[PDB]
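Just the one chain here, laid out as structure tokens, in the form deposited in one PDB entry.
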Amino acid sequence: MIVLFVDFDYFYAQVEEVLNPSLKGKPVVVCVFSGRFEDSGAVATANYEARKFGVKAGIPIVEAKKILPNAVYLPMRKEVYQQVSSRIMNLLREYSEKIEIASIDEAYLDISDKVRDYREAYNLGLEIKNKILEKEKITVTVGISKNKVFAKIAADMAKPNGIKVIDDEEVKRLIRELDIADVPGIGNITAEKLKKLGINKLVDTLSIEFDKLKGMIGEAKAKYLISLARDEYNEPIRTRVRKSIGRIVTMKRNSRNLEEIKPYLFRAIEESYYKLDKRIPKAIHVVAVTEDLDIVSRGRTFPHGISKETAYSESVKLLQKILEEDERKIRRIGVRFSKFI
């Protein structure tokens, strides 16, 4: 089987560059301004010109400006990025029926029934890159390997504007020398748990007792790592369907006053409904991020679809249940809809 992974480099910032090409070569920083005070918020994405100096996703905007005071800071325009992304995904469908749209800037293509050997794959890759650069002016990195995981790892190693193949031989080596923390799907939390279990490389997962490994990171993640270690991971490329939709908004000031929170809650509901479009949810959850950044949620599932009027009234009951089951002030408030009919 042969998988080709496509990752759009520093996507949000690149799109801003395509929409205002005079930004090329300058440090571009796309941010989420939370509006709690001047420059409150964080960097969502930055191009290479800014990343090389340490300005990257997650760094507070204020901190970023101390490092690059003259870089260009832009607000996130998510809908534009999504429309651009969709056009690019369509260009990719021309290369394979079985395509998995992993995120706004990632997609996997199963080009087995389309190419033989890793020479034709590399060529199909260049073909895809040039195509995208031509039609949308966007640069992408391509990763090629036997499964989705190593296809992703190859791209991570070739970014930006790169292409890389990880053959069956490099795979076996990586299973020995790659930091377990560099394996997709393994975040910060899991990484630390594995180390304390004595696992720093994939190969090490085979030296531990499965019911011990499973006890720490869970059955699903355990089998995931074991499969990868034995060079047996072969999940099929298939695009999943959105299981839920929601919106969470940061309030100007923290508080626990119902009448002060409702406006934000309603704003979030209105936006979530617009996004739902023609989907009718049967489940609603209200989510509150407290002052100490801890998240509390309460939801309800109905035997039928939820109208917007039902959403408004139900969301207040859930928020009240939340304010009741926790004395902490709230900082962000929002909702999520799911179980679409």
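So that there is no doubt, residue numbering starts at 1 and follows the sequence shown.
Enquirer: Of the two stretches 117 to 125 and 85 to 93, which shows the higher Cα B-factor on average in the entry?
Expert: Averaged over C-alpha atoms, the B-factors run higher in 117 to 125.
Enquirer: Regarding 262 to 270 and 193 to 201, which shows the higher C-alpha temperature factor on average in the entry?
Expert: Stretch with the greater average CA B-factor: 193 to 201.
Enquirer: Quick one: which of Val171, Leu74, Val80, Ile138 has the biggest Cα B-factor according to the entry?
Expert: Comparing C-alpha B-factors across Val171, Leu74, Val80, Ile138, the top value belongs to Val171.
Enquirer: In terms of recorded Cα temperature factor, pick the maximum from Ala222, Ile245, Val165, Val149.
Expert: Max CA B-factor in the entry, restricted to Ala222, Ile245, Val165, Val149: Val165.
Enquirer: Which third, lowest, middle or highest, does the CA B-factor of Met157 fall in along this chain?
Expert: Answer is highest: the recorded C-alpha B-factor places it there.
Enquirer: Using the temperature factors of the C-alpha atoms in this entry, rank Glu209 within its chain: lowest, middle or highest third.
Expert: It falls in the top third of the chain.
Enquirer: Among the modelled residues of its chain, does the C-alpha B-factor of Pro236 lie in the lowest, middle or highest third?
Expert: It falls in the top third of the chain.
Enquirer: Going by the recorded CA B-factors, say which third of the chain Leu323 sits in, lowest, middle or highest.
Expert: It falls in the top third of the chain.
Enquirer: What third of the chain does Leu4 rank in for C-alpha temperature factor, lowest, middle or highest?
Expert: Middle third - that is where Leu4 ends up once the chain's C-alpha B-factors are sorted.
The discussion below concerns the form deposited in another entry, not included here.
Enquirer: Assuming a two-part rigid movement between this form and the one not shown, tell me whether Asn130 and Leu206 share a part.
Expert: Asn130 and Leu206 are in different rigid parts, judged by which superposition fits each C-alpha better.
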